[PDB]
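Topology and contacts: notes
Residues per chain, in single letters:
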2 protein chains.
Amino acid sequence: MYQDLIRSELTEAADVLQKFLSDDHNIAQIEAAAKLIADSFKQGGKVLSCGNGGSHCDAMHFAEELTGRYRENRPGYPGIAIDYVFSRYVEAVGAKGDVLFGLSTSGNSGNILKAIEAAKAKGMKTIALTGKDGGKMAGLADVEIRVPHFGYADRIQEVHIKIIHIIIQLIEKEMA
Amino acid sequence: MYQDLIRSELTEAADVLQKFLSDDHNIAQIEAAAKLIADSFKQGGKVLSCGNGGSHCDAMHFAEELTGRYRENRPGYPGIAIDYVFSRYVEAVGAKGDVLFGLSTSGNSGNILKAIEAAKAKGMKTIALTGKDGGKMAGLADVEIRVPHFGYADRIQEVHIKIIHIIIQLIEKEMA
């Protein structure tokens, strides 16, 4: 049996989650990011979500949940998902007022870093969900939500999913 | 305020997680799941995963997360992600000794229920990560991992992903 080892991963997730919600800053960043997408939507814009390998699944669902909750009477798609692979999609499909939503457990994903630069060069606000110390994109995005974890991606990927879920239902209230 | 709402979702996830890890049965189920798959692996088997939105990504994470860690010197693919769509796939690519990994927050997803039936008919073991009361999936899977929470999907999906991460690491040890 591996009761203790298995529970330890679970208790670690608990510790990580605690450190995250106890800090008012993250709670505020969570609110800022949802306020951005709302405003963009209210001005017709859209959200482009990109996630670095194994994190792109989250980026991909977030876009789906947004399109399946706001397509109703509204042209286009509110949320679309996808080293220059992401930055080429920004230039290609992004417009002023749109938002970039990128996930990177470390703050060092090159394809997402460039994605952020392209958004800036397109009049697009940026939101980055990161881990550790925010890595190289720390401070680069308009709004950064950082998970206080310096170990493997798992605990971080897990908190990103909670953030995404919370952000989505705030947007609904934002839209009201 | 509005942030107190953000914190209430987070602490709600804190509660659900705490409840989940406080039941030794849940922990034993996690071990029985990784054991099943590991055994399958040791006889040339593979895991077929599936879920419906939100759970589609989890099914996707698990499979690709499996291939990366057990592709070395193993023919084929250790893991593959997918009302009769899932069941038709099991019938076509599934084989005796294989494992069906299904996720359904409610436990009543018809396509996954079909998938389970085909799995049995194929001589395949089945694992199901559920929530709420276990739905119809309870008593059907060879191993059920139920998140102790009766409510929307968010809290459950959030624990399902935690389970997946843990299961992946447990396969390394459960078969090393």
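Described in the following lines is the structure provided in the data block. (Residues numbered from 1 in each chain as written, not as in the entry; some residues may be left out. Chains lettered and ligands numbered in written order. Heavy atoms only, no water.)

Residues and elements named next belong to chain B. The sheet built from 5 strands is open, its strands ordered β2-β1-β3-β4-β5 with parallel pairing. Pairing within the sheet leaves two strands with one partner each, and these edge strands are β2 (79-81) and β5 (143-147). Strand-to-strand, the axes of this sheet are offset by a mean angle of 15°, without reference to chain direction. Inspection of the sheet shows strand β1 (residues 47-50) paired to β2 by 3 bridges, in the parallel sense. Looking across to β2, one finds that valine 47 is bridged to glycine 79. (Pairing = 2+ DSSP bridges. Helix = DSSP H or I, 4+ residues; strand = E, 2+ residues; numbered from the N terminus. Axes fitted to C-alpha atoms, helices over the stretch in contact; angles between N-to-C directions.)

A separate point is the sheet that holds strand β1 (residues 47-51) of chain A. All names here are of chain A. Taken in spatial order, the 5 strands of this open sheet run β2-β1-β3-β4-β5, and their pairing is parallel. The sheet is open, and its two borders are formed by β2 (79-81) and β5 (143-146), each paired with just one other strand. Across the sheet, the axes of successive neighbouring strands diverge by a mean angle of 15°, strand direction being ignored. Alignment of β1 against strand β3 (residues 99-104), held across 5 bridges, turns out to be parallel. Following the sheet pairing, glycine 51 is matched in β3 by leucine 103.

Before going further, it helps to spend a moment on the relation of the copies chain B and chain A. Between the two copies, chain B and chain A, the superposition gives an RMSD of 0.7 Å; the rotation angle is 180° and the shift along the axis is 0.3 Å. The superposition operator between the copies reduces to a two-fold rotation axis. In terms of C-alpha distance to the rotation axis, chain B has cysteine 57 of chain B as its closest residue, with the C-alpha 2.5 Å off the axis. A share of 90% of interface residues in chain B that are also interface residues in chain A marks the association as one of identical surfaces. (Least-squares fit on C-alpha atoms. Contact = heavy atoms within 4.5 Å.)

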